[PDB]
Number of protein chains: 2
Amino acid sequence: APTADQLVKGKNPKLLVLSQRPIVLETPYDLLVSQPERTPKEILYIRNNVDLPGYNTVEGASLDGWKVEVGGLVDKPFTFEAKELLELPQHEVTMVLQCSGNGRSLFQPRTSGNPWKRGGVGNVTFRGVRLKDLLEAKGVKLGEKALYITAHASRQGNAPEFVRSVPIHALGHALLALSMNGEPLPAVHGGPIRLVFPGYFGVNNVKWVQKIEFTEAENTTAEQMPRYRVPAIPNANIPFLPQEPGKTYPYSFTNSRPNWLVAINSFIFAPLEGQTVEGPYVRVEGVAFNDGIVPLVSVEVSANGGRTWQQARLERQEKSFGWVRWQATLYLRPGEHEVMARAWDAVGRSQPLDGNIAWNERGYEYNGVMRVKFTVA
Amino acid sequence: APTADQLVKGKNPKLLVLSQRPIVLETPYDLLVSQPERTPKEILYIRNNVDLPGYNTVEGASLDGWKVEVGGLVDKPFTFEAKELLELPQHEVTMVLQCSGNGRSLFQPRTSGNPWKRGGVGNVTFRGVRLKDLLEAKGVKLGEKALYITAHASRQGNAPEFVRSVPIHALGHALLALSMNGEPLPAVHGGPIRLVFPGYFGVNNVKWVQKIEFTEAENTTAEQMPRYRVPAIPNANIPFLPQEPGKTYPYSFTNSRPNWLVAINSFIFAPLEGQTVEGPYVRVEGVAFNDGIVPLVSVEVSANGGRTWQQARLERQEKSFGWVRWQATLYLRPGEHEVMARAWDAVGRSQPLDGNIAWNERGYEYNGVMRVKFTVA
Ligand code: MSS
Ligand code: MSS
């Protein structure tokens with residue numbers, strides 16, 4: 001019954017309320033496509049597993065008294081006040097912030113969790129201090145056994161824990177974010193301080209970060225195992241181990257992998273589903289992205305069910321954690337049509353033609369080839 | 001100075017001698033493409049790391065007295081005579097047998113190791129007893145901590161060890177091979193008994209198998225670490241972690257993955273490089289394969305540098321560990337042309353447009369898009 005603006009001060013009233021407690025808001029697709037360069041805080045999706053009491057606003061939060069512990073496998077563990085970061089060199093990164101569960105509702109049969117369509121994604125700029133720059137300023141060196149960064153959320157207001165482990169390789173780009181889109185980081189988006197890992201799924205970008213621990217192993221909390229994992233052959237070159245749709249899987253550390261690197265994807269922004277569009281030359285537009293480790297090589301479109309794929313034009317060629325706009329202009333005769341889009345990156349990653357092959361019981365990492373049916377007048 | 005037939009009795013004299021000691025023979029490409037359904041023993045490539053004395057023939061070897069130990073994390077370790085397998089249910093599998101290093105010479109700058117072009121591959125049928133069927137017949141159950149199959153070669157004739165670990169998930173298809181292409185398994189191809197893992201690189205298919213050990217960890221031999229590995233983020237969804245070409249990498253268990261699942265690939269068999277072919281309709285032929293876990297979705301060809309990709313026709317649609325033949329008939333005007341081929345499978349795997357992005361100092365897992373330049377008359 002409450003609208004998004006009543007749950008979170010300053011949110012657009014049209015955001016879809018997937019959950020009140022905890023707070024989960026989805027961007028309507030028509031609103032998402034209206035901001036193809038950068039998703040503003042008024043429409044950016046929300047997914048809390050754990051609400052921090054009083055942080056349910058798009059307004060900034062005070063850094064005053066916000067202490068962060070840095071420990072585990074470092075030579076000299078230390079605590080810093082967030083305000084110290086104001087004096088350190090700052091960097092910004094434009095990145096796709098996407099929920100592990102975005103696309104969940106496209107799996108069949110229905111999976112468990114927030115029933116996202118494609119509105120659990122945004123493209124935003126975070127600004128703050130690189131974690132490696134803070135360690136350098138403090139004169140701290142990582143231990144040889146440090147294989148993970150394990151980030152813990154604040155538990156202020158008697159909140160449950162929220163603990164995520166990412167690979168130590170994420171230290172290269174890890175960012176203590178103080179700002180989003182040039183403004184104070186919204187409280188509801190993890191203000192006053194969020195640890196962001198560019199090119200990693202949203203779950204890993206810990207809002208209200210209070211502890212940063214260098215660990216030899218993945219943390220053993222529920223939020224790390226069995227949740228936020230997909231079936232896999234560990235350290236083998238297959239994106240996931242396909243399973244029978246609808247079957248429960250016995251998740252362990254040794255037969256499943258975490259939601260970490262953002263799955264390669266492309267979204268069609270124009271035309272929209274069921275739209276009538278004019279003339280014979282139809283300009284198909286969208287966005288594409290990967291985990292930012294390598295550049296995209298192509299985004300390709302098919303209007304003949306994959307018999308032929310046509311290279312689209314990309315807005316930029318260089319790799320990015322942020323999405324890249326694309327367009328392909330197709331000659332189409334009047335009547336019903338269907339266009340599909342697929343991304344292809346420099347290490348050969350692409351999208352499955354049938355996204356349901358990735359069926360998993362909590363419905364993570366959907367990246368099936370997007371199809372749009374429309375009419376040419 | 002010795003020809004292939006002088007190093008290994010019954011090999012075609014035209015095989016390329018890459019190494020005498022140990023024995024490494026490469027199939028010339030024109031000979032490989034001449035057998036597009038099944039590679040015969042007369043032309044099949046050889047790569048020994050460790051020669052077993054007297055096993056340098058295409059002739060079969062006696063099973064008499066060949067004892068295999070099965071141990072580690074099983075309830076009831078046991079030893080069996082290879083001849084026992086004659087009485088057990090047998091299965092056969094057609095599979096791509098490809099060296100980890102196939103394509104090595106296409107990396108730039110030059111890497112270390114056997115300078116394969118594309119002739120370190122064959123498509124063969126192995127027949128014997130599934131390892132899981134032997135465990136079932138013997139009434140043996142795997143321990144909960146069994147995470148690897150660790151296969152040891154015979155050390156008869158004072159030979160050095162050869163020890164490979166694969167994931168326990170490989171138990172599903174693991175095969176104790178007694179025959180190849182309907183004949184006694186050639187001694188030089190691991191007769192009288194070879195443990196084969198369909199869809200895994202050649203290195204893992206241990207010739208002259210003497211011990212099969214279920215282990216909690218990868219073995220710590222030189223042949224497991226640092227050799228036969230590529231840089232990676234362990235348990236993250238990227239086929240490898242790209243590195244600067246020509247730079248030495250500090251391989252460990254925690255920053256690199258083994259050569260395990262066969263990398264998705266496609267080879268163009270017709271036309272051949274620099275060939276003149278007739279008329280306007282050019283029939284491009286080749287083979288494609290992956291690790292057999294999922295079907296291919298398409299093989300696609302481009303004659304315009306990737307601006308458009310055209311779906312080829314596949315010989316078969318069902319998944320296979322063996323290669324699948326494909327053909328695309330292209331309308332081409334007279335003059336110089338270049339055709340590229342790319343495979344795409346059901347989980348979205350494809351090939352990098354520039355294979356050199358995978359540069360690694362021992363030159364493993366090359367799978368760059370193959371290009372063939374030819375003339376249309
Ligand atoms: N602290 C914290 N953080 C955090 C959380 C919680 O709950 N808490 N969630 C997750 C998730 S889950 Mo799924 O994978 S997506 C997601 C994200 C979201 O973001 P935004 O809300 O800002 O949009 O966040 C992330 N982070
Ligand atoms: N026992 C044994 N096994 C074995 C060896 C040795 O040395 N030893 N080598 C490897 C390798 S390395 Mo590279 O990844 S390839 C390969 C293969 C081959 O096979 P053939 O010769 O039958 O073709 O084998 C495999 N196995």
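Letters A, B, ... are given to chains in the order of the sequence lines, protein chains preceding strands, and every chain is numbered from 1.
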For the residue pair [X] and [Y], establish whether any side-chain heavy-atom pair is separated by less than 4.5 Å.
X	Y	answer
B:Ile168	B:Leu142	yes
B:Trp260	A:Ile238	no
B:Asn48	B:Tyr55	no
A:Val297	A:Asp345	no
B:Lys207	B:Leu52	no
B:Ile193	B:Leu178	yes
B:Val68	B:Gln210	no
B:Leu175	B:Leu131	no

Pair [X], [Y]: side-chain N/O donor-acceptor within cut-off below 3.5 Å:
X	Y	result
B:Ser165	B:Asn219	yes
B:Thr94	B:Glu92	no
B:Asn290	B:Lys319	no

Hey, which of B:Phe240, B:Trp359, B:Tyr228, B:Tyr249 is the one that makes ring-ring contact (aromatic ring centres under 6.0 Å, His included) with B:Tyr364?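 In the set B:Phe240, B:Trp359, B:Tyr228, B:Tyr249, the residue that makes a ring-ring contact (aromatic ring centres under 6.0 Å, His included) with B:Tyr364 is B:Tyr228.
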Cation-aromatic face contact B:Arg362/B:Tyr251, 6.0 Å, 45 degrees: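 Because its charged atom sits under 6.0 Å from the ring centre and within 45° of the axis, B:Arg362 does stack over B:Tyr251.
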Cation over ring face, B:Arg342 and B:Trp309, 6.0 Å, 45°: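 Output yes; distance and angle both within limits.
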What verdict does the side chain to side chain donor-acceptor pair (under 3.5 Å) test give for B:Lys117 and B:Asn102, after you've listed the backbone C-alpha separation in whole Å, the side-chain angles of each residue and the deciding distance to 0.1 Å? CA-CA 7 Å; B:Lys117 298 186 201 87; B:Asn102 199 34; over 6 Å; no
Would you compute the distance between atom [atom1] of [X] and atom [atom2] of [Y] and round it to the nearest 0.5 angstrom?
X	Y	atom1	atom2	value
B:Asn356	B:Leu106	CG	CG	9.0 Å
B:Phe269	B:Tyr29	CZ	OH	5.0 Å
B:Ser256	B:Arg227	OG	CZ	13.5 Å
B:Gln317	B:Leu296	CD	CG	9.5 Å
B:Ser298	B:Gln311	OG	CD	5.5 Å
B:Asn265	B:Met370	CG	CE	9.5 Å

[X] to [Y] - nearest heavy-atom pair and separation:
X	Y	value
B:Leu330	B:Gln310	CD2-OE1, 3.2 Å
B:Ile23	B:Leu7	CD1-O, 4.4 Å
B:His169	A:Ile233	ND1-CD1, 3.7 Å
B:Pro192	B:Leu185	C-CD2, 4.4 Å
B:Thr3	B:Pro13	CB-O, 4.2 Å
B:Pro234	B:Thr254	CG-O, 3.2 Å

Please lay out, stage by stage, how B:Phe321 and B:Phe289 fare under the test ring-ring contact (aromatic ring centres under 6.0 Å, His included). CA-CA 7 Å; B:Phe321 298 110; B:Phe289 53 87; over 10 Å; no
Between [X] and [Y], does at least one N-O distance fall below 4.0 Å, as a salt bridge requires?
X	Y	value
B:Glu338	B:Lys373	no
B:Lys14	B:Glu26	no
B:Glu69	B:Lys67	no
B:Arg349	B:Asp291	yes
B:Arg325	B:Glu37	yes

Check the pair B:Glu84 / B:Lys138 against salt bridge (charged side-chain N to carboxylate O under 4.0 Å, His left out), numbers first and verdict last. CA-CA 11 Å; B:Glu84 286 174 44; B:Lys138 290 283 178 177; 2.8 Å; yes
Decide yes or no on side chain to side chain donor-acceptor pair (under 3.5 Å) for B:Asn367 and B:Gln351, but give the supporting numbers first. CA-CA 6 Å; B:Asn367 73 335; B:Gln351 294 174 250; 5.9 Å; no
Between [X] and [Y], is there a donor-acceptor pair closer than 3.5 Å when you use the side chain of the first and the backbone of the second?
X	Y	result
B:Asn204	B:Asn259	yes
B:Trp208	B:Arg194	no
B:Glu218	B:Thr220	no
B:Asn114	B:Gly101	no
B:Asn181	B:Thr125	yes

Tell me, with the steps shown, if B:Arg164 and B:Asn205 meet side chain to side chain donor-acceptor pair (under 3.5 Å). CA-CA 8 Å; B:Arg164 285 294 302 168; B:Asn205 298 275; over 6 Å; no
How are the rings of B:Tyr45 and B:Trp116 set to each other: parallel, tilted or perpendicular (split at 30° and 60°)? perpendicular
Just to verify, which of B:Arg229, B:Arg257, B:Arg104 counts as forming a salt bridge (charged side-chain N to carboxylate O under 4.0 Å, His left out) with B:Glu365? B:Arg257
Worked check of side chain to side chain contact (heavy atoms under 4.5 Å, CB included) between B:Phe374 and B:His337: CA-CA 6 Å; B:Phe374 62 100; B:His337 287 276; 3.9 Å; yes
Would you check, one step at a time, whether the test side chain to side chain contact (heavy atoms under 4.5 Å, CB included) holds for B:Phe201 with B:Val96? CA-CA 9 Å; B:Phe201 276 112; B:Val96 173; over 6 Å; no
Show the numbers, then the answer: is there a side chain to side chain contact (heavy atoms under 4.5 Å, CB included) between B:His91 and B:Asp133? CA-CA 10 Å; B:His91 293 262; B:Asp133 290 348; 3.7 Å; yes
Can you tell me if B:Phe78 has over 12 outside heavy atoms packed within less than 6.0 Å of its CZ?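 It does: B:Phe78 CZ has more than 12 such atoms within range.
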Are there more than 12 heavy atoms of other residues, nucleotides or ligands under 6.0 Å from atom NE2 of B:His152?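 Atom NE2 in B:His152 is packed in, count exceeds 12.
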Side chain to side chain donor-acceptor pair (under 3.5 Å) between B:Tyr366 and B:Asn360, worked out: CA-CA 9 Å; B:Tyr366 190 89; B:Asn360 62 104; over 6 Å; no
Determine whether B:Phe162 and B:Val206 satisfy the following criterion, side chain to side chain contact (heavy atoms under 4.5 Å, CB included), listing intermediate values before the conclusion. CA-CA 8 Å; B:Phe162 190 80; B:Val206 175; 4.3 Å; yes
